[PDB]
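Step one of this worksheet: look at the structure below.
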Amino acid sequence: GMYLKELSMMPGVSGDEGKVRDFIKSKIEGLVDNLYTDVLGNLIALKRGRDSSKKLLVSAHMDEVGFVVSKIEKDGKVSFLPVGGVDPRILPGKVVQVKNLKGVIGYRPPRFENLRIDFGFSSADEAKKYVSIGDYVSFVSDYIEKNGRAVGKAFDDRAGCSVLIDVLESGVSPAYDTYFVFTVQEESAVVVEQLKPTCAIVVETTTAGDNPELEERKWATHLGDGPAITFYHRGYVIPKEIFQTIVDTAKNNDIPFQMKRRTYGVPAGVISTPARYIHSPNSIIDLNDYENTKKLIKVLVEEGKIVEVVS
């Protein structure tokens with residue numbers, strides 16, 4: 001079926017994506033022709049196509065924002081440093097976890113040095129039996145799904161990963177050798193140099209409502225309006241040919257889509273599932289949008305027009 005619930009809830013902070021990688025592997029092993037972990041930790045799955053003369057690369061990121069244990073205090077509390085972009089102002093009272101041990105961020109009895117995680121210890125010695133400097137701390141969150149909307153954490157980009165797994169579970173017959181890549185944060189010139197793709201499709205999640213006080217509820221990427229097709233990304237060379245192929249594929253397959261509105265070295269396209277923040281770490285996705293994203297990726301893969309337009 002779908003594993004968004006497990007993907008979302010599972011811990012996999014940048015630099016510590018092992019459990020997420022192991023999970024994805026267990027779900028796609030018998031669905032792909034080849035599957036391996038490259039030297040940086042990226043999971044590379046191959047689905048050979050009718051034509052092996054060209055390669056399509058489709059990718060999603062496994063990592064999420066989090067923290068790292070920087071110090072264990074003599075009273076059992078732990079200090080931490082951010083891993084990714086985190087506003088310390090909203091952290092007090094947040095539940096987090098370190099190696100399956102739940103804790104809560106609070107002030108020490110707008111900085112990280114002023115925050116402490118309380119797991120319930122009284123001494124540094126007690127804390128050490130469960131915790132250590134360098135361990136990864138992730139947010140704790142539930143995943144609830146009702147009336148077509150789902151709420152949980154790390155939808156950016158665990159929804160993208162889930163989309164790829166679902167395309168594979170649905171049984172896909174690619175036009176060209178297609179690599180499904182699940183990436184990690186490294187310490188991409190590598191993945192492209194090793195696979196030499198003709199072109200790439202990056203599957204992301206784009207989240208609106210970042211700033212509640214100055215949020216844009218009308219001129220933004222919206223829940224329910226379909227996957228967003230990026231026109232300009234600055235990080236990826238998105239030629240007109242690719243942009244238009246994606247749009248035409250959508251229109252000819254009756255797949256709703258919207259333009260991307262935000263407040264590798266090879267030709268690429270970017271497709272995003274819309275998300276909206278509710279109470280960070282959590283955000284919301286619309287399941288119809290998710291399904292349309294999956295539909296669009298599957299058609300792009302089976303037709304191969306996206307590969308043919310740049311070669």
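Residues in the structure tokens are numbered from 1 in each chain, the chains being A, B, ... in the order shown, and ligands are numbered from 1 in the order shown.
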In stretch 173-307 of chain A, what's alpha helix (DSSP H) per DSSP? Answer as a PyMOL selection string?
-> chain A and resi 189-195+240-252+287-303+305-307
Residues at most 10 Å from residue A:173, counting only C-alpha atoms, excluding those fewer than 3 positions away in the same chain, as a tab-separated table (two decimals) with N, CA and C atoms, in the first residue's frame?
chain	number	residue	atom	x	y	z
A	47	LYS	N	15.30	0.59	-12.36
A	47	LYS	CA	14.23	-0.11	-13.02
A	47	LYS	C	14.59	0.02	-14.50
A	48	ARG	N	15.09	-1.06	-15.10
A	48	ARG	CA	15.49	-1.03	-16.50
A	48	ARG	C	14.27	-0.78	-17.38
A	49	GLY	N	14.49	-0.11	-18.50
A	49	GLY	CA	13.39	0.23	-19.38
A	49	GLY	C	13.45	-0.55	-20.66
A	50	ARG	N	12.61	-0.19	-21.61
A	50	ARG	CA	12.62	-0.85	-22.91
A	50	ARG	C	13.93	-0.50	-23.61
A	168	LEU	N	6.73	2.61	-7.81
A	168	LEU	CA	7.32	1.28	-7.95
A	168	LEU	C	6.36	0.16	-7.56
A	170	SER	N	3.18	0.25	-7.77
A	170	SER	CA	2.08	0.20	-8.74
A	170	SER	C	2.48	-0.58	-9.98
A	176	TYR	N	12.85	4.18	-20.58
A	176	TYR	CA	14.31	4.18	-20.50
A	176	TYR	C	14.77	3.76	-19.11
A	177	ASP	N	16.00	3.28	-19.02
A	177	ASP	CA	16.54	2.88	-17.74
A	177	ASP	C	16.27	3.99	-16.77
A	178	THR	N	15.56	3.69	-15.69
A	178	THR	CA	15.18	4.73	-14.75
A	178	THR	C	15.74	4.43	-13.38
A	298	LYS	N	4.56	8.64	-12.82
A	298	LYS	CA	4.46	7.35	-13.48
A	298	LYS	C	4.36	7.50	-15.01
A	299	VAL	N	3.55	8.45	-15.47
A	299	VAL	CA	3.39	8.72	-16.90
A	299	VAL	C	4.68	9.28	-17.50
A	301	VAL	N	7.66	8.62	-16.61
A	301	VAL	CA	8.55	7.47	-16.64
A	301	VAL	C	8.20	6.46	-17.76
A	302	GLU	N	6.92	6.17	-17.92
A	302	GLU	CA	6.50	5.20	-18.90
A	302	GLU	C	6.58	5.69	-20.32
A	303	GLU	N	6.33	6.98	-20.55
A	303	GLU	CA	6.36	7.54	-21.90
A	303	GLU	C	7.77	7.89	-22.38
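Here the question is which of A:32, A:199, A:275, A:83 gets nearest to residue A:56 using only C-alpha atoms, and that residue is A:199.
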May I have the residues within 12 Å of stretch 263-266 of chain A as number ranges by chain, using only C-alpha atoms and disregarding those fewer than 2 positions away in the same chain?
-> A: 55-59, 188-202, 206-211, 214-221, 234-239, 242, 260-261, 268-269, 307, 310-311
With only C-alpha atoms as the atoms that count, which of A:119, A:107, A:130, A:155 lies nearest to residue A:95?
-> A:119
With a distance cut-off of 6 Å and only C-alpha atoms, select the neighbouring residues of residue A:76, excluding the residue or stretch itself and same-chain residues fewer than 4 positions from it, and output the selection as an MDAnalysis selection string.
-> chainID A and resid 121:124 127
For residue A:157, work out the shell of residues within 7 Å, counting only C-alpha atoms and skipping chain neighbours fewer than 6 positions away, then give it as number ranges by chain.
-> A: 60-62, 204-205
Using only C-alpha atoms, which of the listed residues (A:42, A:20, A:166, A:25) sits closest to residue A:1?
->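 Looking at the shortest contact to residue A:1, the residue is A:166.
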Quick one, how far is atom CA of residue A:68 from atom CA of residue A:17?
-> 13.5 Å
Computed interatomic separation between atom CA of residue A:255 and atom CA of residue A:30 (Å) =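 Atom-to-atom, atom CA of residue A:255 and atom CA of residue A:30 are spaced 28.8 Å apart.
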Nearest residue to residue A:34 from the set A:46, A:111, A:180, A:308 (distances using only C-alpha atoms) = A:46
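For stretch 181-244 of chain A, backbone-based DSSP assignment of strand (DSSP E) covers residues 181, 182, 183, 199, 200, 201, 202, 203, 204, 205, 206, 207, 208, 228 and 229 of chain A.
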Contact table stretch 54-114 of chain A vs stretch 136-140 of chain A, cut-off 10 Å, shortest pair per residue, only C-alpha atoms, as a Markdown table:
| residue | atom | partner | partner_atom | distance |
| --- | --- | --- | --- | --- |
| A:64 | CA | A:138 | CA | 8.3 |
| A:65 | CA | A:138 | CA | 7.5 |
| A:66 | CA | A:138 | CA | 5.0 |
| A:67 | CA | A:137 | CA | 4.9 |
| A:68 | CA | A:136 | CA | 4.6 |
| A:69 | CA | A:136 | CA | 6.5 |
| A:70 | CA | A:136 | CA | 9.8 |
| A:80 | CA | A:137 | CA | 8.3 |
| A:81 | CA | A:137 | CA | 9.5 |
| A:82 | CA | A:137 | CA | 9.2 |
| A:83 | CA | A:136 | CA | 8.9 |
| A:94 | CA | A:139 | CA | 7.5 |
| A:95 | CA | A:140 | CA | 5.5 |
| A:96 | CA | A:139 | CA | 4.2 |
| A:97 | CA | A:138 | CA | 5.4 |
| A:98 | CA | A:137 | CA | 4.9 |
| A:99 | CA | A:136 | CA | 7.8 |
| A:100 | CA | A:137 | CA | 9.6 |
| A:101 | CA | A:137 | CA | 9.6 |
| A:102 | CA | A:140 | CA | 7.8 |
| A:103 | CA | A:140 | CA | 8.9 |
| A:104 | CA | A:139 | CA | 9.5 |
Would you save the residues from that selection as a compact mmCIF listing (two decimals), in the first residue's frame, using N, CA, C and O atoms?
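Final output, saved to out_31.txt:
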# COMPACT_ATOMS: atom_id res chain seq x y z
N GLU A 64 15.69 14.89 7.20
CA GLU A 64 14.79 15.87 7.79
C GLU A 64 15.60 16.79 8.72
O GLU A 64 16.73 16.48 9.07
N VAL A 65 15.03 17.92 9.10
CA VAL A 65 15.67 18.81 10.05
C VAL A 65 15.67 18.19 11.46
O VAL A 65 14.75 17.44 11.82
N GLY A 66 16.68 18.52 12.27
CA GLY A 66 16.77 17.94 13.61
C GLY A 66 17.84 18.60 14.44
O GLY A 66 18.10 19.79 14.27
N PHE A 67 18.45 17.83 15.35
CA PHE A 67 19.45 18.36 16.25
C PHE A 67 20.49 17.28 16.51
O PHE A 67 20.33 16.14 16.06
N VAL A 68 21.53 17.64 17.25
CA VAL A 68 22.56 16.71 17.63
C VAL A 68 22.94 17.02 19.08
O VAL A 68 22.94 18.17 19.50
N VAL A 69 23.18 15.96 19.87
CA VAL A 69 23.53 16.12 21.27
C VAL A 69 24.95 16.65 21.33
O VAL A 69 25.92 15.99 20.91
N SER A 70 25.06 17.88 21.82
CA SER A 70 26.36 18.52 21.92
C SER A 70 26.96 18.38 23.31
O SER A 70 28.17 18.43 23.47
N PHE A 80 21.96 20.84 22.87
CA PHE A 80 21.88 20.38 21.48
C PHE A 80 22.15 21.52 20.50
O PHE A 80 22.06 22.71 20.84
N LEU A 81 22.53 21.15 19.28
CA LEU A 81 22.78 22.12 18.24
C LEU A 81 21.92 21.69 17.07
O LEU A 81 21.74 20.49 16.87
N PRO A 82 21.39 22.67 16.30
CA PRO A 82 20.53 22.40 15.14
C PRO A 82 21.24 21.69 14.00
O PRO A 82 22.46 21.81 13.85
N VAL A 83 20.47 20.95 13.21
CA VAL A 83 20.95 20.28 12.01
C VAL A 83 19.91 20.64 10.96
O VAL A 83 18.89 19.98 10.84
N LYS A 94 8.51 21.50 22.79
CA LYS A 94 8.49 20.49 21.72
C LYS A 94 9.03 19.14 22.17
O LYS A 94 10.01 19.07 22.91
N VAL A 95 8.37 18.06 21.72
CA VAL A 95 8.81 16.70 22.05
C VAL A 95 9.77 16.18 20.98
O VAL A 95 9.51 16.27 19.76
N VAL A 96 10.86 15.59 21.45
CA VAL A 96 11.90 15.10 20.57
C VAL A 96 12.30 13.72 21.03
O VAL A 96 11.87 13.27 22.10
N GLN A 97 13.13 13.05 20.25
CA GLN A 97 13.58 11.73 20.66
C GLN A 97 15.02 11.45 20.27
O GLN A 97 15.49 11.97 19.27
N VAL A 98 15.71 10.65 21.08
CA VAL A 98 17.10 10.27 20.82
C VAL A 98 17.11 8.78 21.09
O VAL A 98 16.76 8.33 22.18
N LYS A 99 17.49 8.01 20.08
CA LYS A 99 17.48 6.55 20.15
C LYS A 99 16.26 6.01 20.89
O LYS A 99 16.38 5.30 21.89
N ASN A 100 15.08 6.39 20.38
CA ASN A 100 13.79 5.92 20.91
C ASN A 100 13.43 6.36 22.33
O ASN A 100 12.48 5.86 22.90
N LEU A 101 14.20 7.29 22.89
CA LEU A 101 13.95 7.83 24.22
C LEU A 101 13.33 9.22 24.01
O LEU A 101 13.98 10.10 23.47
N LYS A 102 12.08 9.40 24.44
CA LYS A 102 11.39 10.69 24.28
C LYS A 102 11.78 11.77 25.30
O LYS A 102 12.03 11.49 26.47
N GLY A 103 11.87 13.01 24.83
CA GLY A 103 12.23 14.13 25.70
C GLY A 103 11.47 15.38 25.31
O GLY A 103 10.74 15.40 24.30
N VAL A 104 11.61 16.43 26.12
CA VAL A 104 10.93 17.69 25.83
C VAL A 104 11.90 18.85 25.98
O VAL A 104 12.64 18.97 26.97
Top pick for closest residue to residue A:229, considering A:288, A:245, A:37, A:52 and counting only C-alpha atoms |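 Closest candidate: A:245.
Separating atom CA of residue A:115 from atom CA of residue A:284 is a distance of 27.5 Å.
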Closest to residue A:78 among A:224, A:18, A:120, A:274, using only C-alpha atoms?
->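 Checking each candidate against residue A:78, we get A:120 as the closest.
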Got a sec: who's within 12 Å of residue A:23, counting only C-alpha atoms, leaving out chain neighbours fewer than 4 positions off, as number ranges by chain?
-> A: 3-4, 6-8, 10-12, 17-19, 27-29, 43, 62, 158, 161-162, 165, 182
May I have the selected residues written with C-alpha atoms, as a tab-separated table (two decimals), in the first residue's frame?
chain	number	residue	atom	x	y	z
A	3	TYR	CA	3.91	4.03	3.80
A	4	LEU	CA	3.58	7.74	4.29
A	6	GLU	CA	5.77	5.19	8.66
A	7	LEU	CA	7.98	7.44	6.49
A	8	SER	CA	6.67	10.58	8.13
A	10	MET	CA	10.30	7.65	11.48
A	11	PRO	CA	13.49	9.45	12.58
A	12	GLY	CA	16.08	10.32	9.88
A	17	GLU	CA	19.33	8.47	7.45
A	18	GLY	CA	20.07	4.76	8.09
A	19	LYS	CA	16.72	3.65	9.47
A	27	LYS	CA	9.83	-2.04	0.61
A	28	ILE	CA	11.45	-1.81	-2.84
A	29	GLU	CA	13.95	-4.74	-2.95
A	43	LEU	CA	19.95	4.53	-2.04
A	62	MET	CA	15.41	11.05	2.92
A	158	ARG	CA	9.18	11.90	3.10
A	161	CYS	CA	10.06	9.27	-1.04
A	162	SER	CA	6.60	7.73	-0.55
A	165	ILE	CA	7.90	3.84	-3.53
A	182	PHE	CA	16.73	8.41	-2.31
